[PDB]
Asker: 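This is the structure, below, for whatever I ask next.
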Amino acid sequence: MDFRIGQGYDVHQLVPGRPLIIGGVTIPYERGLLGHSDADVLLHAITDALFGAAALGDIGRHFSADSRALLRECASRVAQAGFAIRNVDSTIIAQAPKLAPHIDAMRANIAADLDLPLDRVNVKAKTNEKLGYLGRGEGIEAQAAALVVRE
Amino acid sequence: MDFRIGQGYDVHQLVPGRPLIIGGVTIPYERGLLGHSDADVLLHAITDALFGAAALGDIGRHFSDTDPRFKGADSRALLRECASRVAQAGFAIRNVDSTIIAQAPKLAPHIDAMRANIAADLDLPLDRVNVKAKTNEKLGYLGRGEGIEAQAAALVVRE
Amino acid sequence: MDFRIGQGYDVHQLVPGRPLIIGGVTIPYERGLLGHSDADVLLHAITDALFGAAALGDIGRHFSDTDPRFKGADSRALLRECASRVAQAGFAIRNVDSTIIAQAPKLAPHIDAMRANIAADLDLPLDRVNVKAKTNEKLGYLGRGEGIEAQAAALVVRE
Ligand SMILES: Nc1ccn([C@@H]2O[C@H](CO)[C@@H](O)[C@H]2O)c(=O)n1
Ligand SMILES: Nc1ccn([C@@H]2O[C@H](CO)[C@@H](O)[C@H]2O)c(=O)n1
Ligand SMILES: Nc1ccn([C@@H]2O[C@H](CO)[C@@H](O)[C@H]2O)c(=O)n1
Ligand SMILES: O=Cc1csc(-c2cccnc2)n1
Ligand SMILES: Oc1ccc(-n2ccnc2)cc1
Ligand SMILES: [Cl-]
Ligand SMILES: [K+]
Ligand SMILES: [Zn+2]
Ligand SMILES: [Zn+2]
Ligand SMILES: [Zn+2]
């Protein structure tokens, strides 16, 4: 039937003085992401991918509240435009800290916010092999892909 | 149904003495994108996503500087030709999504015009075309305003 | 039908004294990619996109660098095992698209061979596999030839 794809990108600076929150999970680290609220780079990328699949513009056009509430509101808008979410996949690029321990928590948060079965939500983690601002630990990036169907 | 997905990436340097053209829209700005044609980074990324989804290779394999048909061609003519070759391969386009990463200028006022241009070029309804924008939070070459990147995703179906 | 999409990213440093192996192809070059495995940036990205489409985590979850077999590992053997697990999870692969970003060497002469390797490893026909190449238009650590990046997208369907 009427499938659509969306894609998302986000990046925030990594500096001392803020908590590190990614996919709704507070992760221990000497530094944190700089941004408007929680600065949750993963949730922002996913939100963008969903708005994009629905052809509803982008996160800034809707939301001029933490990133989970934003994600839930995004999902309601996608629903009203006539779309059902089929799956989400994503990558976090961070040289440090280790994210693997926290992946299931992020997945659970995202699945809850999107009203999706856990097996339709995935989060992957990558380093930048010490290259660039990412590899020097100066920022963290997230990428997201979402598939939806008009129902 | 025989669905396929494609993904595209492009980046160009921002240089003095050239117009800034993104998604077919000329945007007032002191610098423009450097490339063999208008260097429309967004249209190029979408073009690569469509060639990718149809397993037709990539933009540099289709469009040569050398080829008389495409020498003086702008990126919208190339996007139209891409759509032609996708159709020739037996595919129909279902939707396009994309992100422009530019620290500056402000792209918001231009995005609906970009969508309209892409939709016309691809013979798609407006509600199957999407364009998003992001800054790079002052990080790296994008954050320093040295270039602008575009990312695209395309879904097609073999009919 | 129960379609799912996945995406993948990888990057490795380019260093002297290593084979340059991308898409399973040994490319003549004075430098190669640095990793604990054979460091095949394209196959790793594709592997992550396939695990991601199946919601099976990521390549590090599946192939531990603590396994003696990881050192110098043939990333095509890893991709085939990835495909095996994706199948075991109940998914059939519908298509793959990808981009390699490298200042050098020229990848064009090797791309069809990469596509054939990926197609063989995933038991797909050639017409469902695509590999695209880009330079980074001289920007950043990729423009300086310090590393090579790969991006991938995969579509699967749960049978
Ligand atoms: N160069 C840029 C970058 C971003 N934007 C818009 O700002 C909002 C927050 O990213 C988003 O709504 C985005 O569209 C913009 O107008 N120009
Ligand atoms: N390192 C690279 C980068 C790009 N290319 C090929 O050049 C054309 C323009 O990106 C594209 O056709 C691309 O495939 C290449 O052969 N080697
Ligand atoms: N910041 C990061 C980066 C990566 N990873 C995990 O380590 C594996 C190899 O990079 C990756 O495949 C991923 O499993 C992690 O846990 N935290
Ligand atoms: O999942 C186990 C594992 C870790 S490395 C590995 C492997 C390495 C080389 C060839 N075939 C397999 N297998
Ligand atoms: O267990 C691992 C470790 C590193 C890996 N990797 C880093 C960059 N590319 C693959 C993959 C799997
Ligand atoms: Cl490796
Ligand atoms: K990037
Ligand atoms: Zn953000
Ligand atoms: Zn271009
Ligand atoms: Zn790798």
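Labels below follow one simple rule: chain letters A, B, ... track the order of the sequence lines, proteins then strands, and each chain is numbered from 1. Side chains included, hydrogens not; waters and symmetry mates left out as well; all remaining heavy atoms used.
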Asker: Return yes if some donor-acceptor pair links the side-chain N/O of B:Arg115 with the main-chain N/O of B:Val129 below 3.5 Å, else return no.
Answerer: yes
Asker: State, to 0.1 Å, how close A:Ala53 and A:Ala146 come at their nearest heavy-atom pair, and which atoms those are.
Answerer: CB-O, 4.2 Å
Asker: How about B:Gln103 and B:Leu139: do any of their side-chain heavy atoms sit closer than 4.5 Å?
Answerer: no
Asker: Mind checking whether B:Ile118 and B:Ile46 have side chains closer than 4.5 Å, heavy atoms only?
Answerer: yes
Asker: What's the spacing between C:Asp10 CG and C:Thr47 OG1 if we round to 0.5 Å?
Answerer: 9.5 Å
Asker: For this output row, return yes or no: ring centroids of A:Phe3 and B:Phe3 closer than 6.0 angstrom.
Answerer: yes
Asker: Quick one: does C:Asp74's side chain get under 4.5 Å of C:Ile21's, heavy atoms only?
Answerer: no
Asker: Do C:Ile100 and C:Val131 touch side chain to side chain, with heavy atoms closer than 4.5 Å?
Answerer: yes
Asker: Does any part of the side chain of B:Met114, heavy atoms only, come nearer than 4.5 Å to the side chain of B:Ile22, both counted from C-beta?
Answerer: yes
Asker: Under the 3.5 angstrom rule, does the side chain of C:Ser98 hit a backbone N or O of C:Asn130 as a donor-acceptor pair?
Answerer: yes
Asker: Which atoms form the tightest heavy-atom contact between C:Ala119 and C:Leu126, and what is the distance?
Answerer: CB-CD2, 4.0 Å
Asker: Tell me, with the steps shown, if B:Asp97 and A:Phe51 meet side chain to side chain contact (heavy atoms under 4.5 Å, CB included).
Answerer: CA-CA 9 Å; B:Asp97 187 30; A:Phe51 281 137; over 6 Å; no
Asker: Using a 4.5 Å cut-off on heavy atoms from C-beta on, say whether the side chain of C:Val157 contacts that of C:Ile93.
Answerer: no
Asker: Measuring from C:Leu14:CG to C:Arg31:CZ, what's the distance to the nearest 0.5 Å?
Answerer: 4.0 Å
Asker: Taking atom types as modelled, is there a side-chain donor on B:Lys132 or A:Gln7 under 3.5 Å from an acceptor on the other?
Answerer: yes
Asker: Using every non-hydrogen atom in the two residues, find where C:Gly23 and C:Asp40 come nearest and quote the distance to one decimal.
Answerer: N-OD1, 2.8 Å
Asker: For A:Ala142 and A:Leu42, which heavy atoms make the closest approach, and how far apart are they?
Answerer: CB-CA, 3.7 Å
Asker: Identify the residue among B:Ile148, B:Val11, B:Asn136 that makes a side-chain contact (heavy atoms from CB on, under 4.5 Å) with B:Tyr141.
Answerer: B:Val11
Asker: What pair of heavy atoms forms the shortest contact from C:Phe63 to C:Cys82, and how long is it?
Answerer: CZ-N, 3.9 Å
Asker: Do you know the tightest heavy-atom contact between B:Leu34 and B:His12?
Answerer: O-ND1, 2.8 Å
Asker: Could you pull out all residues at least two apart from C:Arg128 that satisfy side chain to side chain donor-acceptor pair (under 3.5 Å)?
Answerer: B:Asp2
Asker: Can a donor-acceptor pair be found, under 3.5 Å and without considering hydrogens, that links the side chain of A:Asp48 to the backbone of A:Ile59?
Answerer: yes
Asker: C:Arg158 vs C:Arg4, test: side chain to side chain contact (heavy atoms under 4.5 Å, CB included). Steps then yes/no.
Answerer: CA-CA 8 Å; C:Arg158 177 147 188 169; C:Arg4 313 285 180 87; 4.3 Å; yes
Asker: Just checking, is any N or O donor in the side chain of C:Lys134 or C:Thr99 under 3.5 Å from an acceptor N or O on the other one?
Answerer: no
Asker: Dump the intermediate steps for side chain to side chain contact (heavy atoms under 4.5 Å, CB included) on C:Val25 and C:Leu20, then the final yes or no.
Answerer: CA-CA 8 Å; C:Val25 179; C:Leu20 179 60; over 6 Å; no
Asker: Does the salt bridge (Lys or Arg N to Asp or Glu O under 4.0 Å) test come out yes or no for C:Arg61 and C:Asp58, once each step is laid out?
Answerer: CA-CA 6 Å; C:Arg61 177 188 140 173; C:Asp58 69 30; over 6 Å; no
Asker: Picking from B:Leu155, B:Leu56, B:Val86, what satisfies side-chain contact (heavy atoms from CB on, under 4.5 Å) with B:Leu50?
Answerer: B:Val86
Asker: Please check: side-chain N/O of B:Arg18 versus main-chain N/O of B:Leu33, any donor-acceptor pairing under 3.5 Å?
Answerer: yes
Asker: Check step by step if side chain to side chain contact (heavy atoms under 4.5 Å, CB included) holds for C:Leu43 and C:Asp38.
Answerer: CA-CA 10 Å; C:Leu43 296 191; C:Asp38 69 10; over 6 Å; no
Asker: Ignoring hydrogens and angles, tell me if any N or O in the side chain of C:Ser84 forms a donor-acceptor pair with the backbone of C:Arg80 under 3.5 Å.
Answerer: no
Asker: Do B:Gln151 and B:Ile101 make a side-chain contact, defined as non-hydrogen atoms from C-beta onward lying under 4.5 Å apart?
Answerer: yes
Asker: Do C:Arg69 and C:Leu78 make a side-chain contact, defined as non-hydrogen atoms from C-beta onward lying under 4.5 Å apart?
Answerer: no
Asker: Can you find a side-chain donor-acceptor pair between A:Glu138 and A:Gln13 that sits under 3.5 Å?
Answerer: no
Asker: Tell me if a side-chain donor or acceptor on C:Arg85 pairs with a main-chain N or O of C:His62 at a distance below 3.5 Å.
Answerer: yes
Asker: Could you verify whether a donor N or O on one side chain and an acceptor N or O on the other, from C:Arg76 and C:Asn117, lie under 3.5 Å apart?
Answerer: yes
